[PDB]
Amino acid sequence: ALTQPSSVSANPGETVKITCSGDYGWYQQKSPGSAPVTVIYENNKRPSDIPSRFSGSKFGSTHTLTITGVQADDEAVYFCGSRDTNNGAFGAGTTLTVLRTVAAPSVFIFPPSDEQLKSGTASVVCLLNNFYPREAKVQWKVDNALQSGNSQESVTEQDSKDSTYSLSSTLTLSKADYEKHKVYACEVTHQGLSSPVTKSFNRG
Amino acid sequence: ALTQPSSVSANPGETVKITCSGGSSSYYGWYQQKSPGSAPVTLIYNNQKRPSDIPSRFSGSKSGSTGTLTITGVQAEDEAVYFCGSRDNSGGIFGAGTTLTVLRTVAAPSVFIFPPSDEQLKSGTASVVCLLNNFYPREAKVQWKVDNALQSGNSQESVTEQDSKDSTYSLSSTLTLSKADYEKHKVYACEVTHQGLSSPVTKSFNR
Amino acid sequence: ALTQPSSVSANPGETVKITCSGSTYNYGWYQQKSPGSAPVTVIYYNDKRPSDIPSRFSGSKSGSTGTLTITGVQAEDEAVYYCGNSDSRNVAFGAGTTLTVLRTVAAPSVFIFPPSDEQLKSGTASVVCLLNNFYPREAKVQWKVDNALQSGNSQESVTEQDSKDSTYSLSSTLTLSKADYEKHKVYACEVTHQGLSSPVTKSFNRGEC
Amino acid sequence: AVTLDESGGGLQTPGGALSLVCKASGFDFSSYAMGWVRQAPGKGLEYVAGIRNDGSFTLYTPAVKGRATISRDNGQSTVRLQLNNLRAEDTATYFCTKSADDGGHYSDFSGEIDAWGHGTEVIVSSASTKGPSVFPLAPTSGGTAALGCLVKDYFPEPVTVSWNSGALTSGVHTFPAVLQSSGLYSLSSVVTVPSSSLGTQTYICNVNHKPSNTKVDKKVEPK
Amino acid sequence: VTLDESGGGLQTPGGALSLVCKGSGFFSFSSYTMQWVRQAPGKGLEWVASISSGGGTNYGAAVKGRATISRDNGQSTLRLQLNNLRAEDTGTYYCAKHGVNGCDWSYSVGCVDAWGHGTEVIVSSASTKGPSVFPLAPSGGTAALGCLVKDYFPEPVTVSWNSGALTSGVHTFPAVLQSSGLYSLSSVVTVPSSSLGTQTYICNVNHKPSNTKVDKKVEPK
Amino acid sequence: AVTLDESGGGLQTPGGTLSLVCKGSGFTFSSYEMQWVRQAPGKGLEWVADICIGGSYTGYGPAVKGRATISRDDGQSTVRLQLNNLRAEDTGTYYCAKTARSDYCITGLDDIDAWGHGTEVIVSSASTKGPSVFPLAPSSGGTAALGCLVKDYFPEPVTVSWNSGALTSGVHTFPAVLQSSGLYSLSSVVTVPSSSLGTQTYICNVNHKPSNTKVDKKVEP
Amino acid sequence: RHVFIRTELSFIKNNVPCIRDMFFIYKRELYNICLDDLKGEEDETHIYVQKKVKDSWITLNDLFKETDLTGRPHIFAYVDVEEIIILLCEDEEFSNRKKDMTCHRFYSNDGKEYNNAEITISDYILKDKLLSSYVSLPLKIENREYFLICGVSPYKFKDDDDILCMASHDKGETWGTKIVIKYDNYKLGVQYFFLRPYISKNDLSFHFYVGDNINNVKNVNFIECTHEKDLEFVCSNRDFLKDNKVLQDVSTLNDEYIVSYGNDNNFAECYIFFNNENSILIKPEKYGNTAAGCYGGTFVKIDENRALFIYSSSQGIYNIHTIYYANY
Ligand SMILES: [Ca+2]
Ligand SMILES: [Ca+2]
């Protein structure tokens, strides 16, 4: 059980300090599934192909990864690696969210395709694009009625060019229940929106 | 700092495995206790060494900082608490002890009710007893219904160990009331809710 | 690192136990009554106790955790206790465990003081609100110049608990210029404590008596 | 009688250096490991530099590493700490400590200390010394009346306030100085005397400020 | 080898306790590492103390400071003096032997091959109490009876049915600590209805600390 | 110039075995310690197994204890990973690692200086469902949004590339979610201005490796 | 008579510098306890257990990192038929008359997975007795197995007691057992160095250098210790002086001394003598080595027949003389 903060947040140009208190090795992983890269290969050792901004320091049983001057290419989940009692293990992961200005999501509603209807299913997809912060609310309104339990959202990792998020909510409904209604609204509630933007479309 | 399970369940004939994890040691050890008052019996000492009169089905194992007991071909008589013992930087550490449960068919309990002896009433106290006999599994509910009213906070439960021949249980519920409280009510029902019973069996008397 | 509780609290006579974890070598406990004052070694070398230290103080190590036991705690035993050891071949101290002694709830005796005649001639006028002998340390001091809430211009000073009756004393000071002091007249001092059902407000008139 | 006399810790300057010496007596100096600890204001304890009995081994806190140089003279019974390029973060009270061991194990340094010193307030700033202005706090009536003195506007710390030339001890409370928005200190000292003793008994607060060599005696009188 | 730990019982709180584990059938007992392990009621196993062949003494975090383990090699005995007794100090005490070849550290519990019978140590100021036996009489086919042992202290009570002859059907329950402080235990037995009249069923209760050999006869009213 | 390549992806049935391999290059294999590290869906990094220089020492992780088996083939420069009794927990992306120090085998995860690309393993006994690609067209003014949808496909992963890798700017890939029926739903959109609606051709190329299905769906509004 | 000598030369590369080396055999495999104590800006102290896998030393745990030890500790390591127990005891710089010793204890049933806990030999027998690190194994004295920490007296001018050991019969946790060594040839004004106990078949013997006052060189000495009453031992000097050769190391095979000799104190060439009958000359100029010799030539017994002869003719290079002998 290597103690490591759930998340850390610092603005660009500023220094960042990540503590692992559970010798220590730091490995960055940009997106879940992508191959991680060793940022610091010991307490005070850095690989050749790694920027000089990255540095490490161990004091007692606590290590701190110091990113003196942070950029947008440093947006990744950092992991510490060491040994607990006898065995070897990794940290929980520190997600590095970079401090930026409040962005509003560009909402685009999509209707089920002509090929989808023939199969027997019809899912309406509500897309959100380039927004900050990650906190967002998506509510469905089929003919001005609240829908709950039949919607699954998908949030992407922070972009490495502009530090923005993108959401993908999907309303799963059967072919029979889709043809019974005409108006499909999408109430989007974000921090950067004073009035919730509702994008609606007609069946015809 | 030894972390081993609380429960493990096996049908007779199957091979079972208990995993004891943690500690800064070179050796682990498994100890069996049948009942809580029972003295421990070493099954495997020093990771794999098996003391005399311990079956071959009892196997010792150790991968890294994790010892493992393997019961290759479980028998009904293997129902017991299985503690693991090792070494920490503090001293000798033990495990929570994994209670082995032997699986068998679903049995309905033999519900019985016992009024207080008239010799006991003269003392001032009245103990009403409900007996659940040779049932499976241990998960049962006992509700006391004095004159059709739920009795809470005045009854205690006692459960015997699982049998090593039939692998069934037994539960005694003792409702303790005052002599006056007993004579004032007439109908003394004991509702027993179990999985083996389609409808809750209520054993009752009238005194 | 050498993790040690932020604070611990018990009634006089109760046994107190302070844990320090993250090292398996020689623990050393050092008490410090007030920040800045020279600390005094309570227990050194895990359990060894200096001659001039009470018998109620004892120490014990189990694995990588040490526990300072104070059997039957008294008034003087209030202090920030610091643990010391090697944390992974590094010499380091703990965060500090503060000992607040749970004695009966005491109410503060409030005394408001006006700026002196000498003070006014210099060009400054500081009003001092004095809280004395109270428990616990949690207290609220709010200033009211002519029934108006004052914030940002008041600095409080809390003393180290008393070694005989276990009481605290607070010293809030309202810093105002000579020009702003003569423009107002009624100076109230709303004191909100746990042992006070109604906040005692001590007020004084400018130029009276 | 074991003593630890710190000598050389006061007002220092940014980028500069210090030479904190410690004098020890009452024990065999050449057999115990010695060290220096520091408490930053508003912060906890922190080991600075440790030195072995034979002076052959030294250790430094990552903050002072490469700038500090703990030395020791067993013959003279001293342990001099030299710190260079003094930062704002180096403002703290420095205590000379004594381990009850040779320093054979790392824990001997912070977990086996059987002797401490008074301390020395080390301040790292390019600022000048000021003199305190003691204003009385005149006494509202009851069973027990309080009175005090206001040691306002002084730099740096500390200040020693006594009552009636060391005669009044019971009921005297000395409150720590609050650092003002201008950079000065506002210490206050009150004393709870009987309500009947007002007027008939004289009360003169003696404030002694060592940095500016200021010594002001003020008579607090009720009206 | 046989381990006979004895010398423990109902002790008064805040006092001393010397148990003695009598080693029998040992060959060079001196060589073995000797141990003490305890089990509080309804709790698990706890290491108490160890002693290596050279006198290597180590005590469990729970008892360190007031405990003292020793070995009288000559008489093959293992002893344990424990002062200032508490409720945490209640439970059975088992005497353990470490395997012949040894272990990593003498204070380990991964190398015990031999255990003793167990001396139950009870720390309490309440004095001995004998129980009160009361019947649980019966009402074709199968039927059930039993007999309630009511108020006793300390915990060991032995209910032999029909002087040992009756064991089939017998379910002696595990005693409960009542609100009061004393224990109530309930031994029952399942028999056929045809045998009710033809057979006599005797409760054979036995409380050792208070010498209460009670012998009740359960019969229908 | 270190390159770590992995064996082909898997979708084996539970209770079975799993075989993996790491083709190492650009360094002196058989002088560095090698290890395996798995990553569960949306979870942290879990060390699986470490093998010393000359296969002298072996060590496995807690979840794969008594099931995992490593095999470094020095002549082939490949590390094998055997895993019997497959469970749901074993589903995830697996990586290979190389310690930084030569002739060094201390236990600890602070020394890895090389990482493999990764390969996916899905423990499930379900049939590989064919991917269905549906075109999504908007009904914007300045910036228009075109994309495609992959529904009713199993198991992961799916590589979607616009114009066979030519169009990379403004391409967002969304992770798949487990629907109520038990299938995944992946989506991908590309932000292009309204002036290019007619003069350019956008084709969403979906690739499903377990079922071998390559359908080129064009998206037209 | 059937002599059966058989040598094969091999090499081991160590990427880790070792100020000192300690070789031991366990489970029929060769291990080294390396002291990597470099004295530079980032160079720290490490004590590594290292096992040779092919033609190169593989670094296993660094045992020293656990010890709160502040510096160079004494290494007394012991091997048994199924375990290895090691200790890092404290030194006595000037008057470090630490009336009690403080070493660590490390334990393994594989030489890899090592477990540790600090031990304390309060009021230890070997107070003010100088120490020198070494590898050893259990000696049997009166059906009891003992690991031995043996030391020596600094100077001698008053006739006597002058060499002694403490012992453990609980895998090196208790050291209350005092073994006496009665070597009556401790001349007036002599000092013994690097004292290591050669143990074999429960027969006690010692190999130690002697810093000659007249000369300025250290001369090897080997004594045979005979058991008198329980725990009492009287030793005697076994002579090995050879015409124009210097004594170096000493072992036993077939219950016969296998001794080591150099041409001169610089050791350009080394010679091994099986029962003072058969010689073998080991030419250290193997692996293309101009600047080569056999200084620090050592024996690692592996069997009553096998034993290796190892030296380092340059840094990070080990010359393995694989000896086999069978006089029957
Ligand atoms: Ca020491
Ligand atoms: Ca020490």
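Residues numbered from 1 in each chain as written, not as in the entry; some residues may be left out. Chains lettered and ligands numbered in written order. Heavy atoms only, no water.

Structure determination for this PDB entry is given in the record as X-ray crystallography, at a resolution of 3.2690 Å.

In the first shell of the calcium ion (ligand 2), the protein supplies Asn26(C) (ND2), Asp101(D) (OD), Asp108(D) (OD) and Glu112(D) (OE), at 2.5 to 3.1 Å from the metal. Here the calcium ion (ligand 2) and the calcium ion (ligand 1) are spaced 4.0 Å apart, and both take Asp108(D) as a donor. Note on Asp108(D): relative accessible area 0%, which makes it buried. (Donors = N, O, S within 2.8 Å, 3.2 Å for Na, K, Ca; no water. Buried < 20%, exposed > 50% of the residue type's maximum accessible area, 1.4 Å probe, protein only.)

Bringing the state of the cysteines into the picture now. Should the sulfur atoms of two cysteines be covalently bonded, the bond is a disulfide. As enumerated under the stated definition, the model contains 19 disulfides over all chains in all. Through a disulfide, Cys126(A) is tied to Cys186(A); the S-S separation comes to 2.0 Å. In this pair, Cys126(A) sits in strand β11 (residues 121-127) while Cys186(A) sits in strand β16 (residues 183-190), placing the two residues 60 residues apart along the sequence. Look at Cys186(A) and you get buried, because its relative accessible area is 0%. Put simply, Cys270(G) and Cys294(G) are joined by a disulfide, and their sulfur atoms are 2.0 Å apart. An S-S torsion of about 85° defines the bridge between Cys270(G) and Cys294(G) as right-handed. Highlighted residues: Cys270(G) in strand β21 (residues 270-274) and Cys294(G) in the loop between β22 (278-282) and β23 (298-301), separated in sequence by 24 residues. (Disulfide = S-S within 2.5 Å. Helix = DSSP H or I, 4+ residues; strand = E, 2+ residues; numbered from the N terminus.)

All right, on to the packing of aromatic side chains then. Under the defined criterion, the tally for this structure stands at 64 aromatic pairs over all chains. Between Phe153(E) and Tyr183(E) the ring centres are 6.2 Å apart and the planes differ by 20°, which places this aromatic pair in the stacked class. Of this pair, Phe153(E) sits in the loop between β13 (142-152) and β14 (160-161) while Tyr183(E) sits in strand β17 (residues 183-192), placing them 30 residues apart in sequence. Note on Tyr183(E): relative accessible area 15%, which makes it buried. An aromatic cluster is built from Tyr30(C), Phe93(C), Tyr47(D), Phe95(D), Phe109(D) and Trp116(D), whose rings are joined through pairwise contacts. If you follow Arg72(F) out to its NZ or CZ, it ends over the ring of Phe29(F), 4.9 Å from the centre. Taking NZ or CZ as reference, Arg101(F) lies 4.4 Å from the ring centre of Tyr104(F), over its face. (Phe/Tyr/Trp six-rings, centres within 6.5 Å; stacked < 30°, edge-to-face > 60°. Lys NZ or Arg CZ within 6 Å of the ring centre and 35° of its normal.)

Residue and element names in this part refer to chain E. Within the secondary structure, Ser76 is located in the loop between β7 (67-72) and β8 (77-82). Given the relative accessible area of 15%, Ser76 is considered buried. Discounting residues that sit within four places of it in the chain, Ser76 has contacts with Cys21, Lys22, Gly23 and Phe29. (Contact = heavy atoms within 4.5 Å.)

In this section: the nonpolar core. The biggest cluster of nonpolar side chains holds 64 residues, and the ones touching the most others in it are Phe94(B), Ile149(G), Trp175(G), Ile179(G), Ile181(G), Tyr192(G) and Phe206(G). The biggest single contributor to this core is strand β12 (residues 145-152) of chain G, with six residues. Contacts of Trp175(G), omitting those with residues within four sequence positions, involve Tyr78(G), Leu87(G), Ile119(G), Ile121(G), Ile125(G), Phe147(G), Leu148(G), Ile149(G), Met166(G), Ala167(G) and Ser168(G). Core analysis: the second largest hydrophobic core is formed by 26 residues, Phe29(D), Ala40(D), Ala49(D) and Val122(D) among them. (Core = buried A, V, L, I, M, F, W, Y, C linked by side-chain atoms within 4.5 Å.)

Here we take up the coordination of the calcium ion (ligand 1). Taken together, the protein donors to the calcium ion (ligand 1) comprise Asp102(D) (OD), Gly104(D) (N), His105(D) (ND1), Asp108(D) (OD) and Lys98(G) (NZ), at separations of 2.9 to 3.2 Å. A relative accessible area of 8% places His105(D) in the buried class.

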